[PDB]
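Student: One structure follows; several queries about it will come next.
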Amino acid sequence: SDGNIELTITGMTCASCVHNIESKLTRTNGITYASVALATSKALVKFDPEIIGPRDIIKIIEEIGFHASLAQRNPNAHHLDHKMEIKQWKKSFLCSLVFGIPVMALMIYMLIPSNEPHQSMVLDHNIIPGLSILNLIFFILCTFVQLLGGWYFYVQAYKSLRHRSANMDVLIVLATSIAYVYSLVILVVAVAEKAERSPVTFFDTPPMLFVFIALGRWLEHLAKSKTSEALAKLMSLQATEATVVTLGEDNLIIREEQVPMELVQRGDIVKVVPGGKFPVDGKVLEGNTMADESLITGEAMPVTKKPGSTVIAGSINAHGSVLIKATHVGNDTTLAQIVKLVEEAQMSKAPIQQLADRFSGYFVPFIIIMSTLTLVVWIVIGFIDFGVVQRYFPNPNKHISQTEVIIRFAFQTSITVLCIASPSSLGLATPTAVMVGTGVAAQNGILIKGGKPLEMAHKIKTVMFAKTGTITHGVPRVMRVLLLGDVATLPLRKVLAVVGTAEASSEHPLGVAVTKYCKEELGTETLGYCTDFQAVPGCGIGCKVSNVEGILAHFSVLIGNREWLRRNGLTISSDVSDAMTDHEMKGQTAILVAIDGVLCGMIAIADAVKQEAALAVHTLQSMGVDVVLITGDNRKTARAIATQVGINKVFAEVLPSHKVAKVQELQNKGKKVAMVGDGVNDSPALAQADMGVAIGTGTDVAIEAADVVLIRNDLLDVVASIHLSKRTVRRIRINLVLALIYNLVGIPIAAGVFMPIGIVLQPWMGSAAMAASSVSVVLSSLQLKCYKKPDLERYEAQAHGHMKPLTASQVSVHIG
Ligand SMILES: Nc1ncnc2c1ncn2[C@@H]1O[C@H](COP(=O)(O)OP(=O)(O)NP(=O)(O)O)[C@@H](O)[C@H]1O
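Going by the UniProt record's numbering, the letters in the sequence shown line up with residues 562 to 1115, 1144 to 1405, in that order.
See below:
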């Protein structure tokens, strides 16, 4: 309700660029939140609508120097495929190689002298005093490769400098330009005084630098493209066309037309042939078949589909042809919001994420400053204290004096110090790891929306389990009926009929369960009238039913918890109070019966706990996370059900009205808490809950409060989600550690600090190391793809042998 927009940005190539984007867009008034993702080439901003419109924000973006636009809905193919830039990097790298090959050849020639040289290594035979032929060929290669290849980098530095920010390639432009100019001036002085010996100059480095930098950019963009495999597949999995037909009377054949997605609308009939795709989600009309959700929910067993079931737009048909009534078309499709969630996931930046953005923003300036300081220190120490340098540079060469070799060494060190920095590595260390973690999670059915839960799941120390829909399957079934009051005027069939018709309006899962049970065990699907209906959350229901004779041919009812009776002046006798205690002791919820103030009997309505709950909870508490069950049912029922799962503390008689006070009660101590809710049923609790994962929200991942979604109703998804977040955040930390230690070792090592020992790297080695690090970080992130979703037996394999027992006595409940 604040006009937030998802914006598409082009030209993003450096992390410092996006840092500039956030910095200034926050600098501009009227913007409260501004985040940009470099990897996905997109930007999302929340802005005040009336004062400023999207035109103004976009225009701010172009005056930055980048081309933006409102993100489209379907078309997002060429933005994420990365094909174009990897192809032009192929082009540039090959254009650099066709000149590096001569550099390779001359380097190998000049390094190793032959055993029996033909003419005593005449390759360096000078022609013009001070200008060796080798130096001249170096000059021509360097000049031509500069002019042609470095055009791209020069233009990038030019456009970057047109504004305040300096991107990554600018420092490479400085490296090459400084090498060029200093080599040129040394050559000019050599040819001016007509020096006998041509000097050694940095014409070797520009083409080697270009070859290795192009190779590194190619490799790292290829790896980045491999990062988006999951999102790319999900995006290019939706069918762009569908078979729409017309039905005469009995779903017969009238006519068929082939239609694209933009034209089809809701309610249309779509035919999918065997082996076909599902282009639109909808309701199954007729035709038994099977479907597979491997690419969507990451499940294994091919899900069966029958007339009246649901479908997913993207599953492959297996048997026969089936007709579907369109219910969600285009953006409505489940895959649409799945991919939307995945792509926005890399928009909610983590604390470490924004720290990395900050550092990378002020990194290239830091690198250039450090390079200049290194140059200054080397030149001054040479010009003043020559004893230290001569301690390891004693070679007396009348051809080249110490005053010149020292300056040359200083320039080499300053070139290699900024040629070894990898701003790209630091910038893309975290975002790519986040992208790969989210992709693997989605491939397993886990939709970890937002990047915040990735790290915020690291610090979780308590998990709040809901009872209905999470611990239980959510399909309660009626066990047995108890009769307490009169029988003559209250025959069993009549009382069940009247109660069922009364609670027909109810939408509580147990209410619908009892409706179906009564209808099936009476055979009378019809029901009477209802008047004066109310539903107090967490207490019960009650209403007035008329037309009782409708089913009797074959009445103010009160149904709810004990609090409803005591509040309504309905005494609960000890005999009945103890009557249901037997049920509650077996972890099965029970509901009493009261009509016109007469407690006729009681009804036992319960659902078996998920068999996997015990293993999942034992693993979760062994992993080092507290577990607590939240429920609104009777305290005895919570006590019994916790036994089947072994929960130390629970919160029973927690009516949905508050349903959150206990969240704060657990939060106030500061320990992080996560809840595993249902979604729409208790969305506010998840919203307040720090890490609220929705369980079983298949085909309805459109949940706002929950920051994590499990497309499949499998409790083990929760433990898998926490464990996957653990490893993904560990990988983010590892990537940051690598991208840092690389820089803090390269800058000294490239600064020649350890040269006295005898380890000094000549310039192009710096570019090689830059490429190596910038690709190694991405490979480390890609390693996350090698994740195997642990299966049932796997968890108890490590948990087997220690299922710590506990009786109801050693179990806690809510206080007050
Ligand atoms: N349809 C109903 N008829 C009679 N009583 C009901 C009905 N629905 C709820 N109640 C009463 O209100 C209480 C609320 O139950 P409920 O809050 O759904 O427990 P839960 O297992 O924690 N499910 P949830 O609210 O999703 O966490 C029930 O225990 C009953 O005592």
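Cβ coordinates follow ideal geometry from the N, Cα and C atoms, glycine included.
So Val664 packs on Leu702, CB below 8 Å; how close in whole Å?
Tutor: About 7 Å; that satisfies the 8 Å criterion.
Student: Can you tell which of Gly1111, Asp1185, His880 and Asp1164 has the C-alpha that lies nearest to the C-alpha of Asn1157?
Tutor: Out of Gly1111, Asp1185, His880 and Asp1164, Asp1185 has the C-alpha closest to the C-alpha of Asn1157.
Student: Does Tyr1384 come out as helix, strand or coil in the three-state DSSP assignment?
Tutor: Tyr1384 falls in the helix class under three-state DSSP.
Student: Is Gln1095 helix, strand or coil by DSSP?
Tutor: Strand.
Student: Are there any heavy atoms of ligand 1 lying less than 7 Å away from the beta-carbon of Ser1067, as far as the coordinates show?
Tutor: At least one heavy atom of ligand 1 is nearer than 7 Å to the Cβ of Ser1067, so yes.
Student: Does the separation of the CB atoms of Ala1027 and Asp1267 fall below 8 Å?
Tutor: In this structure, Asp1267 lies closer than 8 Å to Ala1027 by Cβ.
Student: Taking the beta carbon of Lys620 as the centre, do at least 16 other beta carbons fall within 10 Å, making it buried, or is it exposed?
Tutor: Exposed: under 16 other Cβ atoms inside 10 Å.
Student: Mark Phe944 as exposed unless 16 or more other C-beta atoms lie within 10 angstroms of its C-beta, in which case mark it buried.
Tutor: Counting Cβ neighbours within 10 Å, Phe944 comes out exposed, since fewer than 16 surround it.
Student: Please name the residue, chosen from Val1039, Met1040, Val1056 and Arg1041, that lies closest to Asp1047 on a Cα-to-Cα basis.
Tutor: The shortest Cα separation from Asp1047 among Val1039, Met1040, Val1056 and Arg1041 belongs to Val1056.
Student: Leaving out five residues before and five after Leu1350 in sequence, what residues of the same chain have Cβ atoms less than 7 Å from its Cβ?
Tutor: Closer than 7 Å at Cβ, skipping near neighbours: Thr977, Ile1338 and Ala1339.
Student: Going by the CB atoms, is the gap between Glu904 and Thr571 shorter than 8 Å?
Tutor: The answer is no: Cβ separation not under 8 Å.
Student: How about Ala911 and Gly988: do their beta carbons lie closer than 8 Å?
Tutor: No. Outside cutoff.
Student: Regarding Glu1173 and ligand 1, is the C-beta to nearest heavy atom distance less than 7 Å?
Tutor: Result no, Cβ not under 7 Å from ligand 1.
Student: Only counting the same chain, and skipping five residues up and downstream in sequence, which positions put a Cβ closer than 7 Å to that of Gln1210?
Tutor: These residues qualify, in order along the chain: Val1216.
Student: DSSP has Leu568 in a bridge; who is on the other side?
Tutor: Answer is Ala604 and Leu631.
Student: Can you check which of these residues, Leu776, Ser1246 and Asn696, is closest to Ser744 by C-alpha distance?
Tutor: When each option's Cα is compared against that of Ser744, the closest is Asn696.
Student: How big is the Cα-Cα spacing for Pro1345 and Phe954?
Tutor: Distance between the alpha carbons of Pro1345 and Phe954: 9 Å.
Student: Using alpha carbons as the reference points, say which of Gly1101, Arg1151 and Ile1021 lies closest to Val1165.
Tutor: For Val1165, the nearest C-alpha among the options comes from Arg1151.
Student: Any heavy atom of ligand 1 within a distance shorter than 7 Å of the CB on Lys1238?
Tutor: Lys1238: no, Cβ never under 7 Å from ligand 1.
Student: Give me the Cα-Cα distance between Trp779 and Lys1315, rounded to the nearest whole angstrom.
Tutor: Each residue's Cα considered, the two are about 31 Å apart.
Student: Relative to the C-alpha of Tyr1090, which candidate in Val995, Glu1064 and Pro840 has its C-alpha closest?
Tutor: Nearest option by C-alpha distance: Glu1064.
Student: Flag this pair as yes or no: are the beta carbons of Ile857 and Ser876 separated by less than 8 Å?
Tutor: Yes, these two residues count as a Cβ contact at 8 Å.
Student: Alpha carbon to alpha carbon, how far is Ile930 from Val731?
Tutor: When rounded, the distance between both Cα atoms is 13 Å.
Student: Between the C-alpha atoms of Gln649 and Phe771, what's the straight-line distance to the nearest angstrom?
Tutor: Looking at the two C-alpha atoms, the distance is approximately 14 Å.
Student: Quick check: does the Cβ of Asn1302 come within less than 7 Å of any heavy atom belonging to ligand 1?
Tutor: No, the beta carbon of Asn1302 sits no closer than 7 Å to any heavy atom of ligand 1.
Student: Which residue or residues does DSSP assign as beta-bridge partners of residue 1126?
Tutor: Missing from the coordinates: residue 1126, inside the break in the chain from 1115 to 1144.
Student: What three-state label does DSSP hand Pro1052 in the structure shown?
Tutor: If DSSP states are grouped into helix, strand and coil, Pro1052 belongs with coil.
Student: Ordered along the chain, which non-local residues of its own chain (more than five positions away) have a Cβ less than 8 Å from that of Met796?
Tutor: Correct list, in chain order: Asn637, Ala638, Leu641 and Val900.
Student: On the criterion of 16 or more Cβ atoms from any shown chain inside 10 Å, does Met1392 qualify as buried, or is it exposed?
Tutor: It is exposed - the Cβ of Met1392 has fewer than 16 other Cβ atoms within 10 Å.
Student: Applying the criterion that 16 or more other CB atoms from any shown protein chain within 10 Å of the CB defines a buried residue, is residue 1407 buried or exposed?
Tutor: Because the chain here runs from 562 to 1405, residue 1407 falls outside it and cannot be looked at.
Student: Identify whether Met1264 lies in helix, strand or coil by the three-state DSSP scheme.
Tutor: Residue state, collapsed to three classes: strand.
Student: Under 8 Å Cβ to Cβ from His880, same chain only, skipping five residues before and after it: list those, please.
Tutor: For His880, where only same-chain residues beyond five positions count, the Cβ hits under 8 Å are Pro835, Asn849, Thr850 and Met851.
Student: Give me the DSSP bridge partner(s) of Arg816.
Tutor: According to DSSP, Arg816 bridges with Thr807.
Student: Can you have a look at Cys1375 and say buried or exposed, based on whether 16 or more other CB atoms are within 10 angstroms of its CB?
Tutor: Exposed.
Student: In whole angstroms, give me the CA-to-CA distance for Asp1093 and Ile1404.
Tutor: When rounded, the distance between both Cα atoms is 35 Å.
Student: Helix, strand or coil: which one does DSSP assign to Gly591?
Tutor: Of the three classes helix, strand and coil, the one that applies to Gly591 here is coil, per DSSP.
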